[PDB]
Amino acid sequence: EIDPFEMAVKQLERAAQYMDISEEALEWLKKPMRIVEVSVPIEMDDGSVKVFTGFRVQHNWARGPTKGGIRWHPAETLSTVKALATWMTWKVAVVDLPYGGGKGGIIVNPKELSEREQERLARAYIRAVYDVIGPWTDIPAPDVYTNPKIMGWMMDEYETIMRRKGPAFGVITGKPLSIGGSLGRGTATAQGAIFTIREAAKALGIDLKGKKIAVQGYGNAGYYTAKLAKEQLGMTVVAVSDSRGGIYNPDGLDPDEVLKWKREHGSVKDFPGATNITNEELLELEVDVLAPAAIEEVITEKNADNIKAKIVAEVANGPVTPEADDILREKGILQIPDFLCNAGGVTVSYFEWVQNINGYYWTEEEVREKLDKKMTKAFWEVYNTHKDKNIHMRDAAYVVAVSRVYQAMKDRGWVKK
Ligand SMILES: NC(=O)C1=CN([C@@H]2O[C@H](COP(=O)(O)OP(=O)(O)OC[C@H]3O[C@@H](n4cnc5c(N)ncnc54)[C@H](OP(=O)(O)O)[C@@H]3O)[C@@H](O)[C@H]2O)C=CC1
Ligand SMILES: N[C@@H](CCC(=O)O)C(=O)O
Ligand SMILES: O=C(O)CCC(=O)C(=O)O
């Protein structure tokens, strides 16, 4: 049923087919450099002891310490962790961070655990994987069903074990502001998406002031993308959507009022002055920027032709299928690859790690400007590769990331060819 690691390896081979890479380097990149599977025992609230399965996969560390989150899902598998670590490698390589690829996970349903049990689980996971993590070895991060509270617990346990012999704040990112946290973490993904959209408009020669944007999904990423677009880029937000449905208004939407209505009516539907539309119908609107910030695979071969957006900002994690990719490219529409558009979160986590390591913490403006520089440089590199190699933007981003990792490997002497 299309194993995640098989899919990742196929993606890597496809990317290697568009660039000059040696066979030994490809074989090295097809396998994670270190996989750690540990037992995570905790004491239940009823006094019993339960053992959970924890993972920590470090795909590659040629460019520096590995970076990646920890998932707490009942359906976690070592294959999924390996695939996500492989993808995290390219995610940190495309935006030029001194990081490798890493990922963790515990096979547990956190909906049935109390606060004390969750804290015990985090501390036991740290005790189990201490020997393969560190400020300069492996930096975990929040992921699905994991939050900054668990980050604080993990950091505290790591500091307790390490005996405060170094920057224990920098061992993990996504921490609360009170303990080594960073500013701008809430709006990192949306800010990166906005910078990439601005650069794409600059590349296409389109002035965004007075244009239209449609956003699918109105969670944290979608709402902040719409709000930041309207604020900075001056783009008129004409359509937003949630799981229940979507709304449309050619005169424009106010993101704050829409958020208030969603937080009051439980959904964005039936917003005053707005016409109710379906998600599929939102994908059909004639806009200049489309930002899918929702479930995977919303653009398929069926509806790829009927898309009228000039720029498709893949804020979510792969909302466009390869057939849809080819169809959309044929229509002369610029796509911003998913792991380049939403690279703001990992970039801001890197900024947090830098602040923790240095012992000096920045402000909201400094973080915003550094993120702006990083996203602009990454998008311009990807677009230049796209224009030079006459390939898809996703293929160009993969080529850039794999080339950076391959050059780092060659410089270390790991591969001689
Ligand atoms: N936000 C972040 O920090 C980062 C985000 N990403 C990626 O970004 C996207 C969104 O992130 P995030 O804000 O955390 O997500 P959220 O869980 O906070 O919100 C999800 C939003 O998308 C909607 N949604 C879920 N399924 C559908 C669907 N089938 N159709 C239409 N709308 C749907 C939800 O609707 P409803 O409210 O009704 O449930 C909600 O509006 C994801 O694809 C994620 O992978 C990854 C990098 C970090
Ligand atoms: N797993 C999250 C956290 C970022 C990080 O790995 O530092 C992401 O990929 O965005
Ligand atoms: O894995 C991540 O970094 C985020 C994934 C996510 O937010 C999602 O799947 O909804």
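The numbers here are math on the coordinates, done by the rules we state, and not lab data. Positions of Cβ are generated from backbone atoms using ideal geometry, with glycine treated the same way; all protein chains shown enter the neighbour counts.
Results, tabulated for the structure shown:
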| quantity | calculated |
| --- | --- |
| Linear extension gain, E115 paired with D46, 0.36 nm per residue minus alpha-carbon span | 23.5 nm |
| Anchor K227: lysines whose Cα lies under 17 Å away (excluding residues fewer than 8 positions away in-chain) | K209, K211, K212, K260, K262 |
| Radius 11 Å from Cβ of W87, net charge of other residues (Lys, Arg +1; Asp, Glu -1) | +2 |
| Cross-link pairs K202/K230; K31/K373; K202/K308 - those with Cα-Cα distance over 28 Å | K31/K373 |
| Nonlocal amide H pairs with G69, under 5 Å, H built at 1.01 Å | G104, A141 |
| Between segment 352-401 and segment 289-348, the alpha-carbon center distance in angstrom | 18 Å |
| Segment 85-229, relative contact order in percent, only Cα pairs under 8 angstrom and at least six apart counted | 15 percent |
| Within segment 154-193: backbone nitrogen closer than 15 Å to the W136 label point (7 Å, Cα to C-beta) | 165-171 |
| Inter-label distance, nm, simple model (7 Å from Cα along the C-beta direction), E231/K308 | 3.0 nm |
| Virtual spin-label span in nm between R163 and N317, 7 Å along Cα→Cβ | 3.9 nm |
| Gyration tensor over alpha-carbon atoms, the chain, equivalent ellipsoid semi-axes in Å | 34, 27, 20 |
| Whole-Hz ³J(HN,Hα) from phi, Karplus 6.51 cos²θ - 1.76 cosθ + 1.60, for segment 58-67, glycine and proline x | 10, 5, 7, 9, 5, 7, x, x, 6, 9 |
| Where Cα atoms sit under 18 Å apart: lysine pairs in segment 34-179 separated by 8 or more or lying on different chains | 11 |
| The chain, relative contact order [Cα under 8 Å, separation at least 6], % | 16 percent |
| Residue-wise HN-Hα coupling along segment 297-305, computed from phi with Karplus coefficients 6.51, -1.76, 1.60 (Hz; x: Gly, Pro) | 6, 8, 10, 10, 5, 5, 10, 5, 5 |
| Neighbourhood charge, 13 Å Cβ-Cβ cut-off, centred on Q58 and excluding it, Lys, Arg +1 and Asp, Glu -1 | +4 |
| Ranking of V81, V51 by count of other Cβ atoms within 10 Å, fewest first | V51, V81 |
| Point-to-point label distance, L204-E264, nm (Cα→Cβ direction, 7 Å offset) | 3.4 nm |
| Taking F52, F339, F379 and counting other C-beta atoms within 10 Å, the order from fewest to most | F52, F339, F379 |
| Under 5 Å, built H, 5+ apart or other chain: amide partners of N60 | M33, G101 |
| Nonlocal amide H pairs with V40, under 5 Å, H built at 1.01 Å | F52, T53, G54 |
| Sorted by Cβ neighbour density within 10 Å, fewest at the top, the residues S182, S241, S349 | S182, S349, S241 |
| Estimated 222 nm signal from helices in the chain, with DSSP H stretches of n ≥ 4 weighted -39500 (n - 2.57), rounded to 500 | -14000 deg cm²/dmol |
